[PDB]
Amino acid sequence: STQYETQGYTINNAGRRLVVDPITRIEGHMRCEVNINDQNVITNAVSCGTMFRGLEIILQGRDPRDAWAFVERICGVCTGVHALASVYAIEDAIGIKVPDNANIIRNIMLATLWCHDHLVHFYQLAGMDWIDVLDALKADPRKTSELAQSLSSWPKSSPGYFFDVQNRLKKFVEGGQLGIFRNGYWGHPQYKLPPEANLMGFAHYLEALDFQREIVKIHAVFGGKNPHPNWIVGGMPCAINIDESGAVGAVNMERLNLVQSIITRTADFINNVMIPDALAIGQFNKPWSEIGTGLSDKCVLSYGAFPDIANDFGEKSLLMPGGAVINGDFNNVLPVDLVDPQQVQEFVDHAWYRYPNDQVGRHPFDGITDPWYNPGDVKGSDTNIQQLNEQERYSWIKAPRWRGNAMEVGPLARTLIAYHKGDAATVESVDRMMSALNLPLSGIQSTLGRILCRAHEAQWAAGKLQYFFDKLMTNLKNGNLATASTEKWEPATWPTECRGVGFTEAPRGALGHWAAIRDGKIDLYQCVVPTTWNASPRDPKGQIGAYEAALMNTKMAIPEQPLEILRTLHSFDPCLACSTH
């Protein structure tokens, strides 16, 4: 066994080794290993991406106008975000400016995704780490109604309703066919909700499973379908026609009315179901405000998103702030430049890729994706990994660093950046939320904080949907209908050689696509994705990524039942297809 110091942690692989493979209730394929000491405390954590497809390789030689459709398939959970980053990157390379309505609609597509993705994550992915579904069977329906009514104005709260939900669960379980609840962690001492809160949460899990399907109707109107809507380089393909012949063949007043109806319903659900549930999880699980801090009190990163001024990606335009904090110095939010070769770099000394020199990091314009499955000595065989060797290569995920620093990205990172840049709405929201929980600000830098920030973001995004929709309608009232710029659609109009960066904030954090075009075709296409940051393996200095740091120092009540590991990992909302692409 070995031991070394990094980022204030003591990384020690002595003691019992635990393996969690597969990690479930995430997107895609992940393996986690930890070592625990004699006090059942984690002293080593190993994050492993267990899938790879090679989109960066597949994109070579494609027409840049087609790229968005390929890279959209990086992920069907964060569906659309890679298409947005792609059209941004190609437009940046060629020098294309899109019409205002195209930008507004793109912002609507992104805000719609944030609402949908965050809602499903809260209930379907992370929810069962916090809600003991089986314990809901011991709830009093009247007490459940009383609890729900004390927390929210949401209409659906009758004792009869909660009795009906409980009875359905009872009948579901009675024959032994527990389905998704089979062999769960039910009864674990870390489940702290009373039975009435478990029944309320489970009812809401079902309501959210039903309701989420409606949110994406906004993607269907502007983008044809969800998952995987359509886009174009130059704007959007959803031509608008309000008051002319043939409006039946375009985005017309009836289509816009449908969009408005979905926006209102989405805000209602988020504000009156998700938000009170998140706060309730906080109230019953306060110790989790001090678990899973990881890098969130050290290094956080946002690129920023939602340019409100069309084709302007600067600080005055982006509605979601960008910036970086390192070394716990939140008084100095640093500017991020995605072209600067000394800023974003990826390392592969601990990943299954080949570089000419694996001791150096490569900026994505210098990126290389040469897969090399080389696990070394793994206590089994190349096709039977019993124990990853974290001293060498152990993941399909590359290791991104920012100025050589390991960073956390995502809702908590964004919230901290916005808070410390002095965004008034963020400061007010965060302070009020922490006051309601009777917790200090530092309580947000934790596994519980990640969950609270995500719910806050869904509420923010639902509000922004209305703002963007109103902006669109304002343009239409002024007779501004344009949705595409085609001046530079034809390859004959492009520079022979050019390169571009497209960036945004996906639901899970900072996303960048780096594209180089030559002779009308993609010469290089490199992606660094939010879960690539968070689930990163180690670098040449032995610095650990966000997941590994967040798992460090964690007490486990029952080593064989990894509930604490799942709680912290799920709080980051891992997307493994994203991370590896």
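When you see a residue number, it is the position in the sequence shown, counting from 1.
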Inset, instruction - Tell me which of 429-437 and 459-467 has the higher mean C-alpha B-factor in the deposited entry. - result: 429-437
Legend entry - 402-410 set against 192-200, stretch whose average Cα temperature factor tops the other in the entry: 192-200
Legend entry - Options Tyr419, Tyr88, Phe222, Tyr394 - largest CA temperature factor per the record: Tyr419
Legend entry - Selection from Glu505, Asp329, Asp129, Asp349 [criterion: highest C-alpha temperature factor in the record]: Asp329
Legend entry - Third of the chain's Cα B-factor distribution that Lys97 belongs to, per the entry: highest
Legend entry - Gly520 CA temperature factor, ranked by third within the chain: middle
Legend entry - Ranked against its chain, the third holding the CA B-factor of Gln60: middle
Inset, instruction - Classify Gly542 as lowest, middle or highest third according to the C-alpha B-factor given in the PDB entry, relative to its own chain. - result: highest
Inset, instruction - Taking the chain's C-alpha temperature factors as the reference, tell me which third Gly376 falls into: lowest, middle or highest. - result: highest
